Each structure stands twice: as structure tokens, then as C-alpha cells.
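Heads up, the thing below is written out as C-alpha cells.
First the proteins, then the strands, lettered A, B, ... as listed; each starts at 1.
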Amino acid sequence: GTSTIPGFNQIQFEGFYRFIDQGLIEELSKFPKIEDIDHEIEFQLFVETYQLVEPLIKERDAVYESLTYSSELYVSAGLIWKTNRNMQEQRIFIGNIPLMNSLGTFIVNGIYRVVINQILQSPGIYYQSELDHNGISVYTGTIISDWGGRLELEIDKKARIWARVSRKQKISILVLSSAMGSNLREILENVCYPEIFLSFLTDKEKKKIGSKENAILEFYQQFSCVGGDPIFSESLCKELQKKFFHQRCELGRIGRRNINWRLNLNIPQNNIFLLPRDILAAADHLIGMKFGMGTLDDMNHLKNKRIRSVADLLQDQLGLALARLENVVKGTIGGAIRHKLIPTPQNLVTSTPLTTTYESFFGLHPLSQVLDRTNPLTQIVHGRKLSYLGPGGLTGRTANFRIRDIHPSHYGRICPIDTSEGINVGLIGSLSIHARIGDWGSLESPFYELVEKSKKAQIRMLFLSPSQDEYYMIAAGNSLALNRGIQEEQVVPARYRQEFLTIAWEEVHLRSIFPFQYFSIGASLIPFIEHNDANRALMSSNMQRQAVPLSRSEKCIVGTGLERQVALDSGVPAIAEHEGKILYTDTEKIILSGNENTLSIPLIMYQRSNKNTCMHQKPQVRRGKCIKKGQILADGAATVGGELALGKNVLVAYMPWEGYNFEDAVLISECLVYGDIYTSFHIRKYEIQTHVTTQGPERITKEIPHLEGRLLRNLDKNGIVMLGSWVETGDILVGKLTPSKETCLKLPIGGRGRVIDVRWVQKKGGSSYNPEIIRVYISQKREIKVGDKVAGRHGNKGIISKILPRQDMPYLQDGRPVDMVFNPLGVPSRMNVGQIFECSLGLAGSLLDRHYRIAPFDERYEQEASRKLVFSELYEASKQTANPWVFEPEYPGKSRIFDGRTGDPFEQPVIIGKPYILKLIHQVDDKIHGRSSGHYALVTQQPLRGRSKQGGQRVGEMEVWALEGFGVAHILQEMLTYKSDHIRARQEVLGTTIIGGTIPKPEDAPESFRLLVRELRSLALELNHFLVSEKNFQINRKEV
Amino acid sequence: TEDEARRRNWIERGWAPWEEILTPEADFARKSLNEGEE
Amino acid sequence: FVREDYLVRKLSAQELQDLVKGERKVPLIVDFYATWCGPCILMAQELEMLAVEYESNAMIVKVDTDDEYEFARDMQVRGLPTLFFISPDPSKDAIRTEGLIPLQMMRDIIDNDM
Amino acid sequence: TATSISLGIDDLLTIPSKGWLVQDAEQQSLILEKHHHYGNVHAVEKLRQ
RNA sequence: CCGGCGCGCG
């Protein structure tokens, strides 16, 4: 990535390859040579013989029939029978290792999965100081190991150092130092203040310090807080070593690196353990820093972080996989020994440990997520996320408020705009376009080096880690400035030590020259982004991820030039793997032949995503065309000519129109409807499973009792809906009988469409019955409608509220009616001026037959660079096409338009143009819900929750407050008793309303109060409701 | 104390009170900041 | 398993001498280029396309002038990009083309002159 | 609707004297940085200004 | 028809 934008999946690609090379070998080691208690039978692995074989199932087959794309592991083992003194070595089977796709995603059970990166505090020593209740400064040094073990060194009020381990367990330094054997004599000499340590030496501690073992026992007493005197034993040290030394004393390669720096130590790199000198050296700075010597450690600095890729997550699970295998073998070797048998090495090892722990890692781990396949943009941005959450990371409630903020070390590594919305704001990041993961878990970005005359400097592009980022003067300006002096004395803005300066060019070390350096993919697809407020940039990035691929796609007139990068790295288009010539093309395949190698590339035709969006590919080449390796062969969904195409170019005006664009409503024309401009295909999947019950297995048949032939009209003989049938709401999909009650699969509400794919498949198993699975895929052609959501690339979103005939829309001076009308009041409050630039230039490009791919921040060349570009291109289109309304000298970009209802011009000129508008997933037909009555919960007896469950709407406490504010005491009682949970009164309301005979008061308690009474009874508490008559003062006990 | 520290600086660290020839601006900055801010 | 991305091979002066001396059945196209030359990128892409077109019916090679500067000067190279079309028949004479000539011009030269 | 207020690029009106005032502030910031480099003002005086 | 985890919308 020194001279080009790197592949967006290159971090996933390189991480997985690192795991294959070094992760397997480094983890196949550490596998103990398993020996029995008697030492008779020794089982061991020959790690140098490890191998992986290519998967037997093809990657298309793995997802087609719900399998996992993985490869076999076939290491060899040697079992030693010292009874016979004979060796047997066989190629045993260890498990299956999942394989990453070239796109960077795994397949488990036929589900695409993505492993996202995690951010957590880097190992080393960290210095912090926190005020106490009285404001007295208290300094602290904290050791962080390779597994998150924190060893806190604290200075108390009496200057006594305590090696705090938990919230209560407190241990002095001298006991801890003498626990490992640091004699009390040498502790004093190696520090500048021997007096401080000696002042805290009570006569009780000195005796325990004098001998190595007494310090260990006292250290155990203070660490464990267990009454009594422990006995020194080998097991006690091992028990302590696993709990304390194994988790709090192994720094690792990274942990040693930082400690050598922060504590200024010349210790060899190979020492991956916390040397005892470091603790004593740390105490020197800790006490020394109290007297103004040094600076505190910045915990939010990126130089104190690490990034864990798929390489670290897959290797760690292999650490659990093989540790899970040894426990399997130990039980297996002990079992076979008790039978005095000779077991073959294959039978001592089963494939369950590796296969299951990887099967359950993608299923359950939060950092393993389902790939979002809404559009090509979502496929690539999902894999580039950085999260502080996950195991070992802070939770949203746990997260500090100083975190979630932008740190100066993020520049070029973490996008300052892209973040999640909600409680997880500032905790889910996103990598920049040019960001790279280094060899220490640190993020790097490339900078251009400016050096003196006498220097070779073969490559001047060097990637900079955040630790060395501060100590360089990095400029972002240009050298287009000259006065009567020389160029080196001209001043430019620069960054140095986490601040912004203004210094001369001769003092600049590095330059930031890449245009997309500081942004993620989402923010890098916004043209004229420098004219939009950064608040809307975050919203705009999210909306582009919700765009629906349209049945027909077209390229944007105005773009940034990153659309071609997105298309290439998404895998949606077909990319040649071999040079040659095109010989045959059609819908189902493309045939390419080159260098005596003839290949056949199939094309995806109307496939379904995880978000119910259609996938489809069309050829982009013709027969007889020469192709280079890596050039495009076909276009996929939301891709035209090798570019990302998420929307359409439509004629647009910015004016208020009779309140139908009030707030954020959008007025559109019928041309967008009958022209199929925003028509999208949506495919749902309906699955039914056959289970074996006590009465017998479920049966599938066309003959279903108590059903009409009209409902079953689309079924075949087997009992499944026919391929290519127009189903309806309530129609039958799979007829199934459970012994026999009808348990068939019916089409839900609003699911009417055309059946396009049926999959009657049996999962072969070891039982006498195999689970049968049926998958029905139904396509739905959705044209744009009132209530649909459209948005532009500048955070300008809106709901369609009105559709007009073309003769009613306002029209231009060439007579063409516009397609959309936007409210002009949405610009000043939202402060996104870049949409005004894009619409004017989109109009110019359509008349000039031009497309524009403009890199952001074009004002680095000159002032008002975007204005000069748009105005000059508007005038060129006006002059060439003889359309004087396209560029108006009086008011450039605006023109007088006419009312389609009266033919009279609107008084003020209107900004018109041809912007790029997207259609989003959030639309009606997926949000309209209604309920009369129906199914209730089993315990609370309240109506269910959810549109899919035909549930009701919740009247929460804030809604109850409003009803109490109005004083509507009878509306409130309805929503509390006989519309929610009063079982007796719900059935009477259903009866009276059908006869219209007045509803009486419930007067009894609802099932939610009776539920509470029983629970209070379970705590030996009785809650009785009494009514005292105002007539005769008789106490009446209410039934509850 | 601030009589033996100066002697130690002179002897061990080469300190000497060399004359600083100042511009009017630097002289004014030294003479005026000894009184206060504004 | 992975095909190479580039079909045009880079040769030394000695290797090119041996190639020209030896028996040749297909036309030989020699490219002189330098990585610091801006026009040589487009010529490189055009020659990759040409090599794709002529699978085994032509031989496309390239010589870097930063490694064979004296050899390029001997061969009467006055600038970059420069192409030499060498016919398989030793009796015929080679053709030197200077500039970013079109791909169709290369095809015409190869078809009707080599 | 009848008036049809809109919003163009040249409707966003900067006051005529911005360029005069930005240049004045740039000239004062250039002078102080030279004299801060001369040691005639200290860092806080430059940071405040 | 039960709870956790992850992702989203207003």
C-alpha cells in the first residue's frame, strides 16, 4: 500500500495466512507428551508432520446445503508401549480448520461469518495518579501482562508501597520482592531511596523476609486471606504459579518491548517474562515521578493498544482446541490401559475437540458476526471494524467517558467519523482506507518522508506506528506559496506532540499526501464531503449501508473515485483468474479460454442474501475480447461497469410544495413508479423441519384434512408448493401432519409473491430417520411507494409522502417535469452544503455526457475549488446544449420553474439538478402492524411482543403518566385489565362488541396482580386486598 | 543552599554568567514580566 | 496454482543477443523502458494486452535502460518508449517505432511486416 | 409554494469584510510567532493570542 | 411464548 490504495480485505487475507504459517506450528507445539500415571504408555505428536488437505466440499456446496467450509488436519502421532517396546506411527485425525474466503469471510453451517478486530490495552507498565477524598495526589504504576493480568503498584498516605492484586488483597513490596528471593540487602542498593523501604520494616516482616520460604508463606497468606499457617510444598507453589505467575507475570514479546522502553531498560528481547528488576526499577520511577520527574502515561493513546485480528482469534481457539484434546486422550488412554489392550493411535484421538470448538466459536463469540450482504458496500466494511467490546474488553456500562473520544493518535488509523449509534457510541471504530496492522498489533498509516540532500531514501513512503507518530512534525498543507523570500520559509499547519502548529517547511519531516488517508470506506464515498458538517457525515455513512440494490442499476454522475475500489474488493463482479479470450457468454455462464486452459465461470441468478436482498450477475464482456488476469468479466448487483451503483440519477427540485415535503417528507412523481426506477427484488426464505415425536415422525403430504382445495391448489403430489406459483397470505407452502393435528407451513401476512426455489433435502445421519428440510424462496417485486425511505449521500434522508402525475409536478424551462421535490429548509439546519454542489454538477454531467470522480478536499488547490468546478461545468453544459436556464448569470445553479397545475412560474428561482438518490431497506410492508386479539403469554397472560408474533403494542409507564395527566381514568383501566390480561373480562369484551351491548367494569384483579401475589407468597409474605363498606363497615376480602 | 550549588555548577558543570545582549523587546519582556501579567 | 500477472519477460542485453542469434519462428518485439518514465506505464499496459492477444504467435520482451544503457544506445535508441520489431527471417530488417503508438499499429506491423 | 424559496451556492452570503479581517488576524499571528521564536514572548502569551 | 449475546431504527 505504498503507492496504491490497498485491498480492503488485505488485513483479513494477511491475518489468516499468518495463522496458517505460524499459528498452527506455534500451537501444535505446547501439546504435552501424554504419559500415564504408570508411565507405561506414552502418547506424543510429531508436529513437524502436520498437514492440511484441501476441503472435499466446494465452497458453493458448503453454503448450498448448510455445511462448514473447513480443511482436515492430519498430524502424525507416536504411541509407545514400553510393555512391548514397539512403536506405531499413523496419520491420525485431529479436526477441521475453517478456511477463510478470498473475500475474508468464513462459512459455518452454510452461514457466512466475519471475525472483527478487537482493541484492548497493550501489555507493559502504565503510570497513573488519582486524587483522594482530600485531594492528595496518589501515584500508581500498573503492570499489564499478555493476558490482561494487572499488577497495581500504589503509594499510600504513609508512602508504603503495596502490590495490590484485588480490591481487598494487599501485599507489601518487600514480601513480594522476597517471595521470589530478592534478599533484603540488595533491594536497598538498587534504588535511590533505601531509607523509604527500610522505614516500613516491622520486626515481624523482617524475620519472614530473612528466609525465602517464610516470605512465600506470608505472601500466600496476604494474597489468599486464609486463616492459618500454610505449609511450604511443591503443590502450593504450582497452585500459586498458575493463579499468580501464569496470569500476572508473563509479559510476552509485546509486553517486554514496552517495559524496555517505558522503564528505559536494555534487556534482551527474548526475555518474555517479567524480570524481578523491572518491579524494582518501576518503584524507582513511581517514587521518582512523585517529585516532578517524568510524565504520566496516556491510557487512551493508541501506542498503548493492540489489535487482535482473525490470526489471534483463530490461534487462541486452537489453544483451547488442543488443550481440550489432551483431556480427551487422557481419559482414552486410561480407559484402554484398564483393559490391557493395545489401542491404535487413531482411536486415542477423536475429531470433536477441534471441530466443535471452532463450530462453537463462530456460533457464540461476539466478535464472530454474520456477514451483512445488503449491498457490496456492507460486505467489505463489516470486516474492517474495530471494537472495544468482546471478551477482555470494556462493556458500555464499564466504558470510561474519556474513552469514546477522539485521540490525536487516531489520525490515519481510526476514522474519526465512523462510529456506532446508541449506547455503543465511540466503542466500535473503523479502519482508515490506508491503515495497516503492524507486527506488534499496532495500526500504521503511510507518510511521505522529506529528508536532506545527503540521503539515499529509496522509498520515501514509511508506515508510522502511533508510538513514533507524536515525535514527527507532519504537515497536511501544500507548497504553492511564494514571496520575496524562498519557499522553505513559508509556513504551513502541522501536527507535533498531539497539537496543531504553524511552522516553516524546512522544519517539516513528514507529509500526509493521500486523499483518503483519514477516512473509512463509508465516509470516502461522499462527494464534496468538506462542505458537509461532520455530524451528517456519520449519518450519511450509515445510510449508504442501508441502500437496496435496484432491479436495474446505473452509475452515479458525480462520485469520489472509490466506487471502482469498492466493486473490485467486494467480489460481487466476476474477475478473471487467467488471461485469454472470451469465447461464449450467456446468463448462466461465461466461458474464458487462455494458454490452453479453458475455464467456465457460472453467474449468480436471483439469489437471496441474509437481508432478503436479491443477488444477480450480468455479463460485461462479449465473445472475442482479450482479457488480462484480474480484469472484470461480469457485473453483479449494485455494480455497473466495475463501480458501486447503489442509486439512481433523477431530476430534483428544492422547494416547498403545499406541505407534502413538510419536515422531511419527499414528493415524487409517477414516472419513478411506472418507469421502475426504484424497483427492487426481495426474497424471503421459509423453512420447515421434520421431527420424530413420541407418537411418530412428522409426515408431509398433499392430503390435509379440514382444508380447502383452493388453499392447497399450489401443492404437488409430495405436499410442497409448486415451483413457480403465486402464493397468497394464508396459502399453504408445506403440508405437514403431526400425529393428526395440522402443523403445516403457511405463508405469513404480507408475504404474497412468486415461489422461485424449492429445496427438498435430507440430512443424512446415524438414526433410522433423517431430518428432512424444505426451503421455499419467494420473490417480491417492490416498486417505490408512499412511506418508503430515500436518501442521498450527504445525510439527507426522507419519507415519500405523496406521488403525483407528471402533469402536476413542477417543470423546467425545457418542459421536463422533475422527479422529486425536496424541502429547502432541510439544508440550513442540517448544514450539508455538499448536496447542493452534487445536484448542480449532476445536471451538468447529464447534459455534457460526462461523469465526475472527484477526490475530497479539492480546496487544497485553490479557494472555492468546488465552486469553480461546478459553475464552469454548468456553463459548459448550458453553452453546448443551448440551454440558457442551466446556468443563470444572475443566480448560478438556480432557475425559474413553472407550476404544473397552473403553468405560472414560481416567484423565486429554484435550485434544480440531478443528484444520486438511494432507496433504503426501512420501508412499509415491513413495519405496518395491526392486532385485534389473539395469543397471550403463558405466565403474564398479556398479549405477545413483536410484529412477527402478531403481538400488541405496549403502554409503558410514561404512556400511563400521560393518561393520568389527561384524567382519562376509564381509558387507562381498559389498557390495564381487559385489553391486556384480565382473562375473564377479555372474553366478555369479545362477546359484547359483536352484539353491541355495553361493556361493564372488570371489578376483579388482572392476572398480573395475581401473579405478583403468588410470588410474594413464595417469600412467605401474604398480600390481601380488603374492601371496607362505607354503609355498615363490613370488611370484605377480595379474591386474590 | 544557593551559594554552594552555584559553586558546584561552576566547577563541575562549566557554568558562567555570560552576558546576554538582548534586543529592546527581550529586555522589556524580562523587565515587565517580573511585575505581573496585566 | 496461481497464474502470473505479467506475461512480458524482462531480459538482459546478453540474453537478448542470444535470443536474436538463435532460430526464431515467431516475431520478436523488444521494448525499451525505464520505471522513471511516465509514458512507459501506458506502454507497459499496452504490451501486456498485446502479449495476451498473441499467445504463442509473437514474443514480447522488455529491456530496462537503467540496466542496459550502453546496449540501448548501441541499438539506436533516442528516447522512451521505443519498440523494436524483429522479424524471424534474418534477411529482413527490423523496425524501430518511437512514441506511444496505438495497439492496432503494433498489430499491423506484426501482421504485415514480420 | 407560490414564492418557492430555495437555496443556492451564492445565496450563502459571507459578509464583505471577512477577507479583510482574516488577513488582519493572519498578519498578527505571523508577527507573534516570529517574536515568540525570538524569545520576546513566552508560550502562554502565544497560546492565548 | 424462556433468558442471555450480537446488530440495528426513531
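Looking at heavy atoms from C-beta onward, A:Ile897 lies in side-chain contact with A:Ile912 at the 4.5 angstrom threshold. The closest side-chain heavy-atom distance from A:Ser866 to A:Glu859 is below 4.5 Å. Residues A:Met820 and A:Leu667 form no side-chain contact, since every pair of their non-hydrogen atoms from C-beta on lies 4.5 Å or further apart.
For A:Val870, no part sits under 4.5 Å from any heavy atom of chain D, backbone or side chain. Heavy atoms closer than 4.5 Å to chain D are found nowhere in A:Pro810, neither backbone nor side chain. Proximity to chain D (any heavy atom under 4.5 Å) is shown, for A:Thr902, by neither the backbone nor the side chain.
Relative to the ring axis of A:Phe906, A:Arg896 does not place its NZ or CZ within 45° and under 6.0 Å from the centre.
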Go through A:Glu663 and A:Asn823 one step at a time and tell me if the side chain to side chain donor-acceptor pair (under 3.5 Å) criterion holds.
CA-CA 8 Å; A:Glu663 299 289 349; A:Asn823 203 27; over 6 Å; no
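Note on A:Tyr891, A:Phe822, A:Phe837: by heavy-atom pairs under 4.5 Å with chain D, the leading option is A:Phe837. Most heavy-atom pairs under 4.5 Å with chain D, from the set A:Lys894, A:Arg867, A:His531: that is A:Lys894.
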